[PDB]
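These notes concern the structure reproduced below.
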Amino acid sequence: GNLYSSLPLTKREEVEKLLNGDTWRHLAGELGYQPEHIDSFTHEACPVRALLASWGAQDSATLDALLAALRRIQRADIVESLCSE
């Protein structure tokens, strides 16, 4: 689809509300980042902030990619918000 970082605005900060301080980890691994990066992402300024900047620099880091990895961990609650809210 379109990228995740394609949203340049505070709707991504509204994803810090959604991709909450737990399930983002689970997703991070399922998004092909090694566990060392998942750990460095909770050390970096905030996970979801440096996550949507860094994952959102990778090839097919589309909204529909992140949504798929979420729906794979059945965290479809975040996905349906991601769909709009």
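Every read-out reported here was derived from the displayed coordinates using simple, explicitly stated rules and does not represent laboratory data. Cβ coordinates were reconstructed from backbone atoms using ideal geometry, including for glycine residues, and neighbour counts include every protein chain displayed.
Numbers at a glance
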item: Hits in the range 1-27 - residues which are hydrophobic (A, V, I, L, M, F, W, C) and either over 16 Å from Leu82 (Cα atoms) or in contact with an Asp or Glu (Cβ under 6 Å, 6 or more places away or on another chain) (or both); result: none
item: Residue match in the range 37-59 (condition: in contact (Cβ under 8 Å) with a residue 60 or more places away in the chain and hydrophobic (A, V, I, L, M, F, W, C)); result: no
item: Residue in the range 55-69 that is farthest from the chain's Cα centre (by Cα), counting only those that are assigned to a loop (DSSP other than H, G, I, E, B) and over 19 Å from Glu13 (Cβ atoms); result: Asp59
item: Identity of the residue in the range 70-85, in contact (Cβ under 8 Å) with a residue 24 or more places away in the chain, more than 9 Å from the chain's Cα centre (by Cα) and crowded, with 16+ Cβ neighbours inside 10 Å, that ends up farthest from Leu3 (Cα to Cα); result: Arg75
item: Pick from the range 1-46, criterion aromatic (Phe, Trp, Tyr) and touching a helix residue (DSSP H, G or I) at 6+ places or on another chain (Cβ under 6 Å), ranking: surrounded by the fewest Cβ atoms within 10 Å (Cβ to Cβ); result: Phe41
item: Residue list for the range 25-44, filter: touching a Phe, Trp or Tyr at 6+ places or on another chain (Cβ under 8 Å) and within 17 Å of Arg72 (Cβ to Cβ); result: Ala28, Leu31, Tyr33
